[PDB]
Protein chains: 2
Amino acid sequence: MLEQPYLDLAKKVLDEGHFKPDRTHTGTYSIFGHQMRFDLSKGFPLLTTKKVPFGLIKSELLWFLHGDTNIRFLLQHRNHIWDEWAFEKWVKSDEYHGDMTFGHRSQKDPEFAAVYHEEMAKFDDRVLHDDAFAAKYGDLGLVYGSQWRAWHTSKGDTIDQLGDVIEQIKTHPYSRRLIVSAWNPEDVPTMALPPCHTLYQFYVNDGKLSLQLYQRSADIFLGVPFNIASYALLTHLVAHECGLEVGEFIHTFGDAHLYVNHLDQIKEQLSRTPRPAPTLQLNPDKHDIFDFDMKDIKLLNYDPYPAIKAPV
Amino acid sequence: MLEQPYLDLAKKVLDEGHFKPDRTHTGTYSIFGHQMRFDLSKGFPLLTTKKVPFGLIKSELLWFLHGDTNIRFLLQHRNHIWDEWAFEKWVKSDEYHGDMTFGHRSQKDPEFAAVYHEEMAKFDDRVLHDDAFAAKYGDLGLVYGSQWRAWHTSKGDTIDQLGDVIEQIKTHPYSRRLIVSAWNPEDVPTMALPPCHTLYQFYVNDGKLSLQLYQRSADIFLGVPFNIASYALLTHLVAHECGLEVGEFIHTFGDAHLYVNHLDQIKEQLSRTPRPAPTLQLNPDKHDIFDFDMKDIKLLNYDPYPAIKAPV
Ligand SMILES: Cc1cccc2c1C(=O)N(c1ccc(C#N)cc1)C2=O
Ligand SMILES: Cc1cccc2c1C(=O)N(c1ccc(C#N)cc1)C2=O
Ligand SMILES: O=c1ccn([C@H]2C[C@H](O)[C@@H](COP(=O)(O)O)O2)c(=O)[nH]1
Ligand SMILES: O=c1ccn([C@H]2C[C@H](O)[C@@H](COP(=O)(O)O)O2)c(=O)[nH]1
């Protein structure tokens, strides 16, 4: 089935992954160098064996395509994926007045949830409405929207990296230079998340357009379900904006790890029988994907198994 | 055998690669997304089925480790690999006095060879001796020595990208951030070769150190034999300078192509029976690899088949 390379990659890390400590002081079971491919013409690979909310994928991808780095856009699409990183520059802030030394304390103490949630909804709210606050605690700076569409140049000017390569696909469909990169050597030593999705490159041969991701690091239970979808989505969109048909998404990993928290959750997923894969319908009369809205992308026939709850 | 993933990757591009035009207006047979791995503890993968001069590999890698971008160092190690790109800024030069509109004309007319060679040895020579000329026509600027060790920062300062990550391996052997990148979005639109070896990242688990290459583009007959060696060499060196043992080299491709010139040459190679793989002996009392010289790296027992001549 379309999603079987995931299940395979989750299995193989179980069966032969070696133990590895991490930045997080949770353990992991880990492998270096893996490649799964997905023939995007046989359907769309939103995993069926575990529910992955496509709505969350698309808003966040449309955030990136817009060159936006503000938690606000996300927030009016009921998308909280990036919420904690904005809250953090808030709880540290010199003018903060409310105790969140906070992610390490989610499950850790239930009575935190109350006043975490309270102080987190009290902040989401005020990003939504109060512009000064939003401009200040809601803008995440150097996350994929800037790297892709406004990469901070050395002359202080700003490069439209992704736009430029789409022109380049329109124009020189065959070059092997069709690279968008999110790895800024100038920024990775001191930056909240050095990007996991470090690079990708497009490729065109005889009608179809494919994309490969180099992902330096992959939480296989939480991160990879979303990650595969966002980047297969990206491929379709560009295929679309360029009039090409879609071919492959290739997912390449450096460190592909299962957290030790996630051991039971994965085995459970692994008993689930995957279901026929949904189809993606992009709106056939709009092409300038920098101009897509939620309704321009629709997912026919996703029939997932239930979500499996997971210690981040 | 150690080199069989090459022979496999050359075979697979024959048997199922699709036709593809290129920047060069030669044809190619081409595939997107491939991964071969090499267990560096079972020997060193200098291909045995075709002669690849290790001397050329090491001088050029020591050029890179030095942060050098001048054809001169290379030239005093009898290494002409990078020669043409320096000659080019010479033949264009406003003060040039000798007709080379030149690579498209190698085999094209034999009587060119005479006066190409003549005008090329006349230039190599004068890089070797005349410093002003060398500082000017011999320095290639933005090739791997600067990206790796002096990456041009936006404050006009210069980042020691590779040095920094080696410290980081010494210091945080487990992070999945151990990335050196050679892709400068600010520079790839107007730069002679946007780099083929776009990225790599190191990885450490339980004693061994591995490296993965993302190569955007690979001439499978000419480029890949050298490429695998240079990057397996890099892995050993860093394993060495960090006291780790060596584990894997993983070679990841975007566009892996066989030129149509190279069709006969490859089939021939494919009849050759590979031989047991040489061993690499790094000098066991020196560790600061930014300080290696040719004699600090030795190759026990390379027993190659003859070189196969090839239209670049
Ligand atoms: C799965 C995926 C993919 C891309 C980006 C993200 C995620 C994700 O789960 N999160 C995420 C969502 C929620 C929380 C929390 N709490 C922490 C991280 C992402 O930022
Ligand atoms: C194989 C390999 C690897 C890395 C870098 C290089 C090569 C190579 O053959 N050349 C090369 C050598 C000679 C010529 C010519 N003439 C053109 C290109 C490289 O610059
Ligand atoms: O889109 C994402 C973002 C983050 N992670 C995970 C991978 C790692 O387990 C974790 C920590 O990041 P690093 O240690 O690799 O920096 O974040 C993902 O899986 N997918
Ligand atoms: O180390 C190298 C450098 C260049 N090439 C080849 C790959 C392509 O066939 C050719 C042209 O480069 P691009 O078209 O990908 O830019 O150079 C290699 O194989 N190895």
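Residues displayed in chain B correspond, in order, to Swiss-Prot positions 1-98, 100-102, 104-314.
The way this entry was determined, per its header, is X-ray crystallography, 2.6 Å.
In case you wondered, yes, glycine gets a Cβ from its N, Cα and C as well.
With B:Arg23, B:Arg178, B:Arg179, B:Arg218, B:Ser219, B:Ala220, B:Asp221, B:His259, B:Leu260, B:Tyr261 listed by Swiss-Prot as binding dUMP, the candidate from B:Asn207, B:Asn229 annotated for that site turns out to be B:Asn229. The dUMP site in the record is lined by B:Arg23, B:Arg178, B:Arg179, B:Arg218, B:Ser219, B:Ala220, B:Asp221, B:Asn229, B:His259, B:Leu260, B:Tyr261, and its two most distant CA atoms lie 35 Å apart.
Rounded to the nearest whole angstrom, the C-alpha distance between B:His259 (dUMP binding site) and B:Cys198 (active site, nucleophile) is 13. Distance between Cα atoms for B:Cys198 (active site, nucleophile) and B:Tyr261 (dUMP binding site): 16 Å, as a whole number. Under a cutoff of 8 A between CB atoms, and with a sequence separation of 6+ in the same chain, the neighbours of B:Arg179 (dUMP binding site) are B:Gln170. For the binding-site residues given as B:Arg23, B:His259, the lowest number of other CB atoms within 10 Å of the residue's CB is seen at B:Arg23.
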